[PDB]
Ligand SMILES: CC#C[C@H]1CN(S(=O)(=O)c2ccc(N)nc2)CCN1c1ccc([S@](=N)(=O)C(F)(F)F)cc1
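The chain that follows stands alone, in the form deposited without the named molecule, written as structure tokens.
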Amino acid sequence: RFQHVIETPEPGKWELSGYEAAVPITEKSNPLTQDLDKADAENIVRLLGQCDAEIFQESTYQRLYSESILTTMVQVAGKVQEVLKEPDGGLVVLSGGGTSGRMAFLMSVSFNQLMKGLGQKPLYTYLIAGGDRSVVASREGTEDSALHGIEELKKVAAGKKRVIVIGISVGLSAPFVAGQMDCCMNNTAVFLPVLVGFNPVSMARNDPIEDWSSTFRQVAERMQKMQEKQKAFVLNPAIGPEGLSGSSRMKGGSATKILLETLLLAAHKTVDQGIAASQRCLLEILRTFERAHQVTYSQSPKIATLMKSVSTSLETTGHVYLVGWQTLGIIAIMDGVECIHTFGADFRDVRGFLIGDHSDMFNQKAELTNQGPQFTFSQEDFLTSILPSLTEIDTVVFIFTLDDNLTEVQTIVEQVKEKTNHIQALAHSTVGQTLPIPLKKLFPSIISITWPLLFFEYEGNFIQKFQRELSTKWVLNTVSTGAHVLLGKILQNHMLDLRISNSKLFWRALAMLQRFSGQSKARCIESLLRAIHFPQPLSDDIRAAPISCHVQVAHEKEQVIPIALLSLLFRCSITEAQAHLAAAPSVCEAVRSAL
């Protein structure tokens, strides 16, 4: 079970260790954010803003702007336009787990809307590990099954003649995706698999998948072989490590969004305008999203101020609601849910809501209908369940554009204001538009983001929408990450308060123990398993159990890493470690005092 785990390097021998060389780029500590844990709000914005800018940064080897990556994007666009040209029996599937799965969902929503707007039959669908509940709730463990991935692909592809499958896994990690890519390669007469991730192939996970005979790396290596025959594609740009180690939702999610929107827009442009995809045109679009970073981060003071407000509500046991209009609602939903595993947040802490029509977005909306408070997301959910329960300690962030129903925005804001003064808005506008006077009065310090009109004949309106979603993503992700960082929920730039919700998170938790204690792999495994299973003592059956067993027990538990870490550092029992942790003001300070 633990064979792939490398021994902890000896004290002082970390620098050039085989241990450090094997850490995937997606899991690496960013050298610029080692001080993230103790940074103030303004400094967190600068650190996270710098990291977000890194996805665009042109060694030029395998970067997003590299000739190699742009050529792969051109080839994939070529394959997609072949399907768009033949809608009968054609299908474009986007798939993933967690944020990658929610990005697949968003991509399908956006591109089916583009197609509907042009009077064409929609050809996109999404597959998310765990089904529709995973779009709005933390169900990370569902991606650990390759068979689940294959079954969901077989269902949507039934009766189709040509299926493009874009498998999204930032760390080249998700078994759900690996299974799909492998089965696509077994039938190239029907399927064209495209693997999207942000690690070199040699850094893809090589640990065993519980229900599959191939590892992610073996599948990715087979994809490299099929790429020589143009029967598969590996689209893996280099973006560098995340500001918060392994926080794939940030840079990884942003790079997934821009990469896929750019190449898919190019495929649609080929069919509609007759202009084939090119490195030059892909760069023009990508650089528009690069300009969006400068536009967004020019609001750094207000982002920092909002982060403080959100952190205050959380610290007081209040809740934070991100209320977004149309697709900005999807971005809002994606933000809150990630706080659960990342910082050990309760599902009630940060929740996103979509205001507007969501009727043609979900595959199986019945999976969400009256399922419980962990699954709220809609306009009806916000107005009927959240709004009447709002208190003075809660924060509500409103995200909209000046093309939204501003009477409806004003009405909802006023209703919320009766319950709490902790209101703020992120409003996107086109140069020339001004916020109505009642809204300026309700939001005297509004985060106003003004966008020049884009004159791209075909892509103009789509990029306008996409950049506003991306801008919203950066603001909300910096605010939610920062708000939890300010509460001492991280250590250096590592997720100390992480929930072990899937196998990738289990390995990240083990690596963190080895990193922070410097103790042997056997000692770190023993302490991690003891902390997960407590009060159940460790037995040989538990030590030999599959990782899924540890995940199932660990997923609803809080502070597993600091408990396991304090147990290693003090050579104490779990109860003694729990006492040490309870006496401290934060999880960051408890461990810092022990170190």
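Counting begins at 1, following the sequence as shown.
The form deposited with the named molecule bound exists for this protein as well; it is not shown, and the discussion that follows is about that form.
Chemist: For the three residues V5, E27 and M203, which mark the spot I'm curious about, does each lie within 4.5 Å of the named molecule in the deposited complex through at least one heavy atom?
Modeler: All of them do, each having a heavy atom within 4.5 Å of the partner.
Chemist: Report the stretch among 536-544, 63-71, 551-559, 27-35 that approaches the named molecule in the deposited complex to within 4.5 Å, counting heavy atoms only.
Modeler: Among the candidates, contact is made by 27-35.
Chemist: Just to confirm, with a 4.5 Å cut-off on non-hydrogen atoms, which of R351, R468, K504, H484 contacts the named molecule in the deposited complex?
Modeler: Of the candidates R351, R468, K504, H484, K504 is the one lying within 4.5 Å of the named molecule in the deposited complex.
Chemist: Work out which of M512, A232, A157, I209 lies within 4.5 Å of the named molecule in the deposited complex, going by heavy atoms.
Modeler: Looking at the other structure, the residue within range turns out to be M512.
Chemist: Is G171 a contact residue for the named molecule in the deposited complex, using a 4.5 Å heavy atom cut-off?
Modeler: Heavy-atom contact with the named molecule at 4.5 Å: present for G171.
Chemist: Find out whether any non-hydrogen atom of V23 is located within 4.5 angstroms of the named molecule in the deposited complex, and reply yes or no.
Modeler: Residue-level check for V23: yes, a contact with the named molecule.
Chemist: So in the deposited complex, does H494 come within 4.5 Å of the named molecule, heavy atom to heavy atom?
Modeler: Heavy-atom contact with the named molecule at 4.5 Å: present for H494.
Chemist: Test of understanding: in the deposited complex, would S480 fall inside 4.5 Å of the named molecule by heavy atoms?
Modeler: No.
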